[PDB]
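J.: Shown below is the structure under consideration.
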Amino acid sequence: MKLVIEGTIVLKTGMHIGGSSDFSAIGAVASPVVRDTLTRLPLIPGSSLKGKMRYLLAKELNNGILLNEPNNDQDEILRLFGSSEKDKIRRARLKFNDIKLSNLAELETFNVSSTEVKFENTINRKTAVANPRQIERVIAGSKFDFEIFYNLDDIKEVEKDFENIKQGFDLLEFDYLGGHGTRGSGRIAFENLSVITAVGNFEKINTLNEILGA
Amino acid sequence: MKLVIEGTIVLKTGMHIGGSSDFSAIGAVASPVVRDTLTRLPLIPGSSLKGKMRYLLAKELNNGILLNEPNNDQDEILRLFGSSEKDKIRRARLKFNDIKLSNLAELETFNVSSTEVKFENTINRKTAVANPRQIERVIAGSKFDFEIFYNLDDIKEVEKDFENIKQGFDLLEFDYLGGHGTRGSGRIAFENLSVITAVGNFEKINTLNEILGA
Amino acid sequence: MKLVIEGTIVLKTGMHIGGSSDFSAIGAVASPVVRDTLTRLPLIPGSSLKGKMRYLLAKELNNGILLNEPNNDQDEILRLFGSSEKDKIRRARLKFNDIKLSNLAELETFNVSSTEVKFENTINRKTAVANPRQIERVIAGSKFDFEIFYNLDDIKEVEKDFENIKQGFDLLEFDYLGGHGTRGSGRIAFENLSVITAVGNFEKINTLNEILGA
Amino acid sequence: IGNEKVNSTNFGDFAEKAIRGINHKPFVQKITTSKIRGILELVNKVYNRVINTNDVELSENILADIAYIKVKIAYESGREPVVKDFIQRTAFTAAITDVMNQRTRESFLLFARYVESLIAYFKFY
Amino acid sequence: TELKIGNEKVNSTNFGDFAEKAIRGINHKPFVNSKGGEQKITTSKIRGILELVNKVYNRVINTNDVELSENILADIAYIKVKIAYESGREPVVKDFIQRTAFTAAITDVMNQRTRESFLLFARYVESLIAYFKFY
Amino acid sequence: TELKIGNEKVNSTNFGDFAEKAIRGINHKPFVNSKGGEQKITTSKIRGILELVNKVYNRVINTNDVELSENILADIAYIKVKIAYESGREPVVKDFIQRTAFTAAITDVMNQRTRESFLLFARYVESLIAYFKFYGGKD
RNA sequence: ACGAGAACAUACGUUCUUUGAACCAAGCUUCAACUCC
RNA sequence: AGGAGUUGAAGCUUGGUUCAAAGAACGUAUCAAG
């Protein structure tokens with residue numbers, strides 16, 4: 001049985017994830033955000049969401065500090081986000097996906113593009129001169145409908161797994177998702193979370209649905 | 001645990017921050033104020049608040065003057081605002097956020113727009129010919145309800161960290177926040193200052209709220 | 001460690017300053033006064049006070065003549081008001097603020113409005129046909145409570161800097177503040193000057209009120 | 001924001017219609033550019049004090065001001081017949097009485113813009 | 001998107017070309033001041049007209065809604081009145097308004113009460129004064 | 001795919017070379033401001049021109065169709081208005097705009113209302129700024 | 001009665017860390033509330 | 001006995017200054033080598 005964790009990521013601030021570090025232009029936006037190049041719609045990679053969730057969730061478990069290699073931190077983290085140790089390997093139950101922006105229609109009704117340019121600088125404090133900085137940022141209020149496939153390997157662990165998943169989702173609400181987060185960007189807020197089956201039907205889907213949808 | 005530093009920034013003067021990313025007219029404002037582009041509500045970037053607070057706090061600490069890079073502050077400032085020096089890298093305990101204008105209804109109650117245009121000029125000293133400019137600027141008495149996340153990692157250093165944070169806010173009361181500050185703008189003040197927990201409870205939460213509520 | 005220069009500007013004459021975005025009725029005042037646009041009650045911009053003080057100091061220092069660009073003034077002026085030359089940017093130790101009207105209650109005691117429309121014209125001397133105008137001019141006997149943040153850099157120059165500040169306070173007594181001041185406006189009187197610390201305690205602060213508030 | 005069939009928008013259009021009604025088939029000696037300006041000057045002398053007030057209602061002194069400019073234009077209409085035809089073909093005293101029975105600041109600004117539009121469109125033709 | 005002048009239309013790809021043709025109509029056949037002399041309009045009059053528009057422009061580009069508010073369109077009507085008055089002041093201003101058809105554009109804005117129509121009108125006025133200063 | 005300036009056409013093989021020739025023709029014969037000495041355009045004004053181009057260039061590179069949308073062409077026409085305004089203000093800007101022929105380029109961008117024409121114009125102006133900083137920089 | 005048969009180039013991994021769009025600049029310059037009868 | 005006529009005119013509409021800096025640039029595991 002395989003479950004699908006359906007929801008929406010809502011941007012509270014910028015969320016500057018991703019980009020080619022090549023030259024863009026001379027006086028134009030530098031380090032653009034990652035996009036789905038067929039549409040060139042702004043994108044959340046599943047790698048970013050998975051890595052940030054794994055970091056925060058493995059910091060809350062192993063209570064306090066996380067000073068270790070990611071291939072061996074905590075057994076719940078290992079069974080949730082995969083493993084690659086030599087004599088001890090188990091699969092990830094979660095399959096993250098590349099998230100695309102979904103509310104471009106609502107952003108077109110406001111006569112705004114899906115992305116903006118934030119202007120920054122710094123002040124070299126010995127000479128007190130400025131050094132400007134343009135970064136592309138997705139606008140706030142941008143919605144990102146995501147699907148994560150959950151591989152239900154064992155019935156005895158699924159409630160602890162979604163307790164940990166709701167724990168990681170609560171941890172991401174008080175942290176940033178990508179990019180210059182300590183400078184007022186990247187703040188997200190998960191909403192409309194639910195779990196539905198892929199094929200067939202799961203019997204105790206309700207305890208999962210409202211330990212996660214609460 | 002993580003803590004949330006809730007509060008508000010009230011403006012005593014203009015506080016013009018930022019540069020669009022907008023076209024300009026030829027009889028209207030040059031350098032308009034930065035905005036949250038979904039709502040076209042004026043915004044304080046978290047980068048500006050973090051940079052000004054870091055500069056003032058690392059000017060008070062390191063008693064006297066500072067002339068160095070951000071990586072060469074003392075360990076209080078490096079541990080509070082992050083670091084990127086080569087081996088002794090420190091993750092930032094503070095996460096700032098983009099601060100939208102928060103009391104728009106109470107500005108509209110006095111029947112005025114959220115921003116103003118402030119007419120300026122300069123005179124050439126040898127020919128006495130004027131040179132006018134118009135800067136968009138937020139109106140005084142605009143309140144900005146902010147929140148800053150704090151990362152409780154070492155419980156024996158949280159007292160000194162919040163002492164330093166209240167020090168930085170009390171310095172930033174006597175200084176501008178951004179833009180044309182020496183020429184009469186940017187003077188802010190800090191009100192409604194408190195700290196709350198993200199999830200759970202911190203044991204000496206009263207000794208942090210008292211050191212900020214004075 | 002900052003000092004705050006509390007004071008009061010007392011108006012002897014009109015002092016019409018500023019450009020508004022008010023639509024002007026054609027039987028009414030044209031080019032009205034600048035206002036603090038929340039209540040839009042009369043305002044002295046900080047930029048106007050800084051510009052006049054820098055002008056009158058840069059006449060008396062470098063005694064007499066003045067035909068140079070503002071970055072090429074004397075060292076006292078650049079270290080007191082700021083610089084933008086590429087090699088040596090000086091961060092200004094002064095910080096002016098927009099000064100709102102304070103004694104509106106004192107004016108309502110006298111039962112007068114806070115400003116007044118002054119009637120002027122221009123006689124074309126060829127055919128003696130006039131050309132009228134109205135200007136909105138603040139009334140005399142109006143106070144303006146201000147406070148200028150002195151940013152203390154080194155105590156070897158604070159005495160000379162407040163002596164120059166009291167010199168610029170003296171020099172603006174005999175010259176206008178803004179607008180049509182060569183024709184009888186803008187006569188100010190700096191009354192009840194003082195200085196105080198923001199936090200901490202300046203040990204030689206009793207000498208500073210002697211050289212300033214006297 | 002109603003104020004007797006003339007909104008915050010169509011005030012200049014009503015004044016243009018009134019002046020074009022004046023310009024063809026006038027009274028007998030057409031009205032000059034001095035009395036109508038005197039009306040403009042008295043109403044904008046009230047307007048300066050009005051627009052530098054703070055609140056959305058009117059004081060007692062302001063109602064005294066509109067009442068006294070009503071008796072002033074009553075006197076000035078009592079002087080000449082051409083200004084009687086001017087104030088008759090305008091809804092001027094109607095606007096003043098509506099300011100009496102409405103007592104709202106935006107209505108006074110609308111009436112001031114109406115009489116300013118009267119001045120402007122008299123000058124335009 | 002749409003703004004009519006006569007039977008001849010100006011839209012938002014195009015206002016620079018009618019500003020060309022409008023100013024180059026003001027030049028090459030200028031105003032005659034009831035004399036044999038020549039007279040063209042000064043900088044301060046047309047740019048007082050620009051500042052008259054830009055008192056409204058600073059509150060429209062700052063806003064969100066696709067329909068203009070009543071305060072804004074009231075000040076648009078005020079712009080039309082001030083146009084009529086400063087036309088009545090000087091005959092050179094009257095023929096500048098009549099040739100560079102400004103009353104037509106401001107009445108178009110008052111008819112279609114949309115945000116983008118006034119923004120196009122502001123583009124057209126700024127382009128008028130741009131091509132005034134260019135020549 | 002080929003933008004016309006004067007009697008010789010420029011495309012994506014020559015705009016760096018054309019802008020280099022234009023900048024190096026601005027030097028060796030600079031502009032005189034009706035006084036004794038020469039005067040060339042400063043950094044800040046041409047960075048204003050480049051910022052005006054970049055305000056559209058930041059949006060065009062994330063577009064789909066090969067023909068530009070109408071709000072892009074609106075901003076291109078308004079760039080033409082702004083350049084014509086700022087050149088009429090100062091004659092040193094008019095000399096730089098006419099000699100490093102800008103108005104003809106932006107008009108022929110407005111004729112062939114395609115994406116590649118505007119990109120050719122934008123890389124042309126970017127190369128123009130680049131070669132101005134390359135030759136005789138004052139930093 | 002095919003140098004063949006069977007075989008996922010796969011598992012793990014945050015485009016991320018540090019950075020005030022700043023600094024400098026009087027809405028001012030020149031104007032008789034006036035002329036005529 | 002007061003009538004008219006000027007209700008603002010001209011000038012500047014931003015000037016200059018830095019216009020992405022330092023880091024990491026794949027690490028591992030089978031494969032192989034021993």
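Identifiers for the structure tokens are assigned positionally: chains receive A, B, ... in sequence, residues are indexed from 1 per chain, and ligands are indexed from 1 in the order shown.
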So that each row is one residue of chain C with an atom at most 12 Å from chain A, can you give its shortest atom pair and the distance in Å to one decimal, using only C-alpha atoms, rows by chain and rising number, as a tab-separated table?
T.:
residue	atom	partner	partner_atom	distance
C:82	CA	A:128	CA	11.2
C:83	CA	A:128	CA	10.1
C:84	CA	A:129	CA	8.8
C:85	CA	A:129	CA	9.8
C:86	CA	A:129	CA	7.9
C:87	CA	A:127	CA	7.4
C:88	CA	A:127	CA	6.8
C:89	CA	A:128	CA	6.1
C:90	CA	A:128	CA	7.7
C:91	CA	A:128	CA	7.5
C:92	CA	A:128	CA	11.2
J.: Name the residues of chain E that fall into strand (DSSP E or B) according to DSSP on the backbone, using the chain letters and numbers of this document, as a ChimeraX atom specification.
T.: /E:3-4,9-10,31-32,38-39,67,114
J.: Report the closest atom pair, with its distance in Å rounded to one decimal, for each residue of chain H that has an atom no farther than 12 Å from chain F; count only C-alpha atoms (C1' of nucleotides), sort by chain and then rising residue number, and write it as a tab-separated table.
T.:
residue	atom	partner	partner_atom	distance
H:12	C1'	F:89	CA	10.8
H:13	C1'	F:89	CA	10.4
H:14	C1'	F:86	CA	11.3
H:15	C1'	F:44	CA	9.3
H:16	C1'	F:44	CA	7.3
H:17	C1'	F:44	CA	8.0
H:18	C1'	F:139	CA	8.8
H:19	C1'	F:47	CA	7.9
J.: Counting only C-alpha atoms (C1' of nucleotides), what is within 7 Å of residue B:176, bar same-chain residues fewer than 2 positions away, as a list in words?
T.: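 In the requested form, the answer reads residues 172, 178, 181, 185, 186, 187 and 188 of chain B.
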J.: Can I get the selected residues back with C-alpha atoms, as a JSON list (two decimals), in the first residue's frame?
T.:
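Generated output (out28.json):
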[["chain", "number", "residue", "atom", "x", "y", "z"],
["B", 172, "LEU", "CA", 18.13, 51.12, 17.15],
["B", 178, "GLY", "CA", 16.93, 52.82, 6.38],
["B", 181, "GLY", "CA", 18.14, 58.94, 7.78],
["B", 185, "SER", "CA", 13.76, 60.06, 8.36],
["B", 186, "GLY", "CA", 13.83, 56.52, 9.61],
["B", 187, "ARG", "CA", 13.49, 57.15, 13.34],
["B", 188, "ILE", "CA", 11.64, 54.21, 14.83]]
J.: Within 10 Å of residue F:30, counting only C-alpha atoms (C1' of nucleotides), which residues show up once you throw out same-chain ones fewer than 3 positions away? Write them as an mmCIF file with N, CA, C and O atoms, in the first residue's frame, please.
T.:
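Result went into out37.cif, see below:
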data_model
loop_
_atom_site.group_PDB
_atom_site.id
_atom_site.type_symbol
_atom_site.label_atom_id
_atom_site.label_comp_id
_atom_site.auth_asym_id
_atom_site.auth_seq_id
_atom_site.Cartn_x
_atom_site.Cartn_y
_atom_site.Cartn_z
ATOM 1 N N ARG F 24 34.535 53.192 -28.860
ATOM 2 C CA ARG F 24 35.861 53.674 -29.204
ATOM 3 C C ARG F 24 35.809 54.775 -30.259
ATOM 4 O O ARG F 24 36.833 55.404 -30.533
ATOM 5 N N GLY F 25 34.639 55.016 -30.858
ATOM 6 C CA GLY F 25 34.439 56.241 -31.606
ATOM 7 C C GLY F 25 33.967 57.396 -30.752
ATOM 8 O O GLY F 25 34.138 58.555 -31.138
ATOM 9 N N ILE F 26 33.386 57.111 -29.584
ATOM 10 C CA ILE F 26 33.058 58.182 -28.645
ATOM 11 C C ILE F 26 34.332 58.791 -28.075
ATOM 12 O O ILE F 26 34.497 60.015 -28.057
ATOM 13 N N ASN F 27 35.266 57.954 -27.640
ATOM 14 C CA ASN F 27 36.631 58.423 -27.469
ATOM 15 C C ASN F 27 37.264 58.648 -28.835
ATOM 16 O O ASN F 27 36.759 58.179 -29.856
ATOM 17 N N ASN F 33 30.579 70.664 -24.792
ATOM 18 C CA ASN F 33 29.357 71.216 -24.205
ATOM 19 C C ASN F 33 29.231 72.743 -24.329
ATOM 20 O O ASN F 33 28.796 73.461 -23.427
ATOM 21 N N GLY F 37 36.206 73.069 -23.130
ATOM 22 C CA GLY F 37 36.623 71.698 -22.940
ATOM 23 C C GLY F 37 35.613 70.670 -23.419
ATOM 24 O O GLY F 37 34.446 70.967 -23.667
ATOM 25 N N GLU F 38 36.093 69.436 -23.547
ATOM 26 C CA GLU F 38 35.246 68.304 -23.878
ATOM 27 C C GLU F 38 34.537 67.797 -22.626
ATOM 28 O O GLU F 38 34.941 68.070 -21.493
ATOM 29 N N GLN F 39 33.470 67.033 -22.834
ATOM 30 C CA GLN F 39 32.747 66.419 -21.728
ATOM 31 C C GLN F 39 32.081 65.158 -22.248
ATOM 32 O O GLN F 39 31.353 65.206 -23.243
ATOM 33 N N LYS F 40 32.356 64.035 -21.601
ATOM 34 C CA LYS F 40 31.730 62.774 -21.953
ATOM 35 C C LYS F 40 30.725 62.394 -20.880
ATOM 36 O O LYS F 40 30.722 62.947 -19.778
ATOM 37 N N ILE F 41 29.855 61.448 -21.228
ATOM 38 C CA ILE F 41 28.813 61.029 -20.306
ATOM 39 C C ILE F 41 29.445 60.246 -19.167
ATOM 40 O O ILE F 41 30.465 59.567 -19.338
ATOM 41 N N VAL F 92 25.071 66.183 -23.614
ATOM 42 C CA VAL F 92 26.068 65.117 -23.587
ATOM 43 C C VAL F 92 25.384 63.756 -23.658
ATOM 44 O O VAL F 92 25.944 62.788 -24.185
ATOM 45 N N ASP F 95 24.370 63.316 -27.434
ATOM 46 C CA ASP F 95 25.498 62.901 -28.257
ATOM 47 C C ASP F 95 25.777 61.411 -28.120
ATOM 48 O O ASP F 95 25.998 60.723 -29.121
ATOM 49 N N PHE F 96 25.744 60.893 -26.890
ATOM 50 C CA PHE F 96 25.951 59.466 -26.672
ATOM 51 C C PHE F 96 24.828 58.645 -27.284
ATOM 52 O O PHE F 96 25.065 57.550 -27.801
#
J.: Go through chain A residue by residue and, counting only C-alpha atoms, keep those with an atom at most 12 Å from chain F; for each kept residue give the shortest atom pair and its distance in Å to one decimal, ordered by chain and increasing number, as a tab-separated table.
T.:
residue	atom	partner	partner_atom	distance
A:24	CA	F:58	CA	9.8
A:25	CA	F:126	CA	7.4
A:26	CA	F:126	CA	6.4
A:27	CA	F:54	CA	6.6
A:28	CA	F:54	CA	5.4
A:29	CA	F:58	CA	6.3
A:30	CA	F:58	CA	9.6
A:31	CA	F:58	CA	11.7
A:32	CA	F:58	CA	9.7
A:33	CA	F:62	CA	10.8
A:34	CA	F:62	CA	11.3
A:35	CA	F:62	CA	9.4
A:36	CA	F:62	CA	10.9
A:37	CA	F:62	CA	9.4
A:38	CA	F:64	CA	8.8
A:39	CA	F:64	CA	7.5
A:40	CA	F:62	CA	6.3
A:41	CA	F:62	CA	8.6
A:42	CA	F:62	CA	10.0
A:111	CA	F:71	CA	11.3
A:112	CA	F:59	CA	11.6
A:113	CA	F:59	CA	8.9
A:114	CA	F:62	CA	10.4
A:115	CA	F:59	CA	9.3
A:116	CA	F:58	CA	9.3
A:117	CA	F:58	CA	8.5
A:118	CA	F:58	CA	11.9
A:134	CA	F:58	CA	10.8
A:135	CA	F:58	CA	11.0
A:136	CA	F:58	CA	9.3
J.: At a cut-off of 9 Å, using only C-alpha atoms (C1' of nucleotides), what residues contact residue F:75? Leave out same-chain residues fewer than 5 positions from it and give the result as an MDAnalysis selection string.
T.: (chainID B and resid 23) or (chainID E and resid 12:13) or (chainID F and resid 55:56 70 80)
J.: Keeping only C-alpha atoms, write those residues as a PDB file, in the first residue's frame.
T.:
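Written output follows (again15.pdb):
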ATOM      1  CA  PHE B  23       9.404  52.337 -13.936  1.00  0.00           C
TER       2      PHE B  23
ATOM      3  CA  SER E  12      -0.329  51.405 -25.225  1.00  0.00           C
ATOM      4  CA  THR E  13       2.281  50.614 -27.900  1.00  0.00           C
TER       5      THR E  13
ATOM      6  CA  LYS F  55      13.632  46.770 -15.999  1.00  0.00           C
ATOM      7  CA  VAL F  56      12.209  45.023 -19.093  1.00  0.00           C
ATOM      8  CA  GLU F  70       1.713  44.234 -25.187  1.00  0.00           C
ATOM      9  CA  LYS F  80      12.032  55.268 -25.992  1.00  0.00           C
TER      10      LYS F  80
END
J.: Could you give me, as a count of residues only, the residues within 7 Å of stretch 127-130 of chain E, counting only C-alpha atoms (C1' of nucleotides) and dropping anything in the same chain fewer than 6 positions from it?
T.: 6
J.: Please report the interatomic distance between atom CA of residue B:177 and atom CA of residue B:213 in Å with one decimal.
T.: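 Value for the atom CA of residue B:177-atom CA of residue B:213 distance: 21.2 Å.
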J.: Counting only C-alpha atoms (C1' of nucleotides), what is within 7 Å of stretch 19-21 of chain F, bar same-chain residues fewer than 5 positions away, as a PyMOL selection string?
T.: chain F and resi 124+127-128+131
